[PDB]
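The chain that follows stands alone, in the form deposited in one PDB entry, written as structure tokens.
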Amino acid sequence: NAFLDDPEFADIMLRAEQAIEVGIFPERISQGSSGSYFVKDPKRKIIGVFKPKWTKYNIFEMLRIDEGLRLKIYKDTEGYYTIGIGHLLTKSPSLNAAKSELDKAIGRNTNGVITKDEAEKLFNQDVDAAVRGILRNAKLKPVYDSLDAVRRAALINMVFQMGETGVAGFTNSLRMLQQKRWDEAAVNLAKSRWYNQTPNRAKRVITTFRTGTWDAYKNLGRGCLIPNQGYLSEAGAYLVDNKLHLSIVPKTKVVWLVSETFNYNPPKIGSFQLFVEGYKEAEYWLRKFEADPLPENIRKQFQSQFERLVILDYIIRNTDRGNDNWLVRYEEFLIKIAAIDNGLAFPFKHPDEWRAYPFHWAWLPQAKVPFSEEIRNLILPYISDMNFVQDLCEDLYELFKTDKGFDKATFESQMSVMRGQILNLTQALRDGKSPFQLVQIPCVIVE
């Protein structure tokens, strides 16, 4: 914990260690999923928040992903009774009717509950039924026969979902596939009730028809954040704040601490953010201002604090900003924002928009106010300076490369996302837009 360049922070870390030496330990903030601690000094005063640091693809795996696995009867998209891996039991609203159909299919009295092996057995039968539907059908067989194996799986998938008659209705789409007009078929297929009803699944299936690859199935749920590097995201947010002089992130650094109160299986690395006093959740003050609106001078100061927050979150592409984890202090500044809890930023890619990770401040009426001339003149000279942006990237490299799991390609991905954010923010500030308009702009990267 040498902080040669920041003696003020060093002395805070020294008070922390001295309190631990005399038994005063960090306490979990919330007793349950404790990964956060209030660190105290010798006088038992809170001074900081410490946060310690072969798949086989085929029609079976494809449909497992699209249909999931339930062991008890549930309702589906439409609402019909279903179990296992997308096995439709009956159209009837009668739950007893469903349990009856189930008991026939399984060969015992299930009462609407089966095992994994029974689920998998029904699954196999259903895939076989689908292939039978295909081969017995005059419009489908010729198409099926003409396709490679991966595209054949896409077609089985559709038949499994919609039934043989349903898929046979895609007369022109089917002919297009058979002529190997992949792009045209893909376009035509998206213009369907099928797609509109289940657009995420349809999109995966159509991508498979279009490419003859498993690419729409390969990376699901990988997310957009590098794993187990929240402590560096916390430190990185403060680094960005400081370089732009935003002054809304409390000082946050990577430190080592040892404490009995930590969860061990020996110093632990993690982020240490200075504790700020007298703040409430933004949502609390937003509620209070409905009855007691801010006088113009303070409304103006608040909106310039807000603009700083927006600039921070946009540049680091925060994926986790709610209106509970930016804080506001209100009784030099008359009103002040603290941007805390910055552990889920610097993604290595823009989100896929199946999960949008929106900024919750974007829902606020305030977000539709254009950026002030004040903020524009302060920030534009930095972010439009390519030298400044390079130096920022170099600063973040020096911080991020310290982690055992660091990977150069992934970091350069993080930076191409960040540089993209900065480019869009530059244009938005030049265009005199609002935070709300800013978040509309399609995402770009700088390669």
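Superpose the two forms; the largest set of C-alphas matching within 1.5 Å is the rigid core. One rule holds for the numbers: they count along the sequence shown, beginning at 1. Only residues modelled in both forms are compared.
Absent from the display: the form deposited in another entry. The rest refers to it.
Among the residues 251, 204, 349, 376, the single one whose Cα moves by at least 2 Å between the shown form and the other one, once the core is superposed, is 204. Relative to the superposed core, residue 158 undergoes a Cα shift of 2 Å or more between the shown form and the other one. Fitting the two forms on the rigid core leaves the C-alpha of residue 225 displaced by under 2 angstroms between the shown form and the other one. Core-superposed comparison between the shown form and the other one: the Cα of residue 195 travels 2 Å or more. The Cα-Cα distance between residue 253 and residue 32 is shortened by 3 Å or more in the other entry relative to the form shown here.
The Cα-Cα distance between residue 32 and residue 342 is shortened by 3 Å or more in the other entry relative to the form shown here. At a threshold of 2 Å in C-alpha displacement, with the core superposed and only residues shared by both forms counted, the segments of at least 3 consecutive residues that shift between the shown form and the other one are, in sequence order, 2-5, 31-34, 54-222, 290-292, 354-356.
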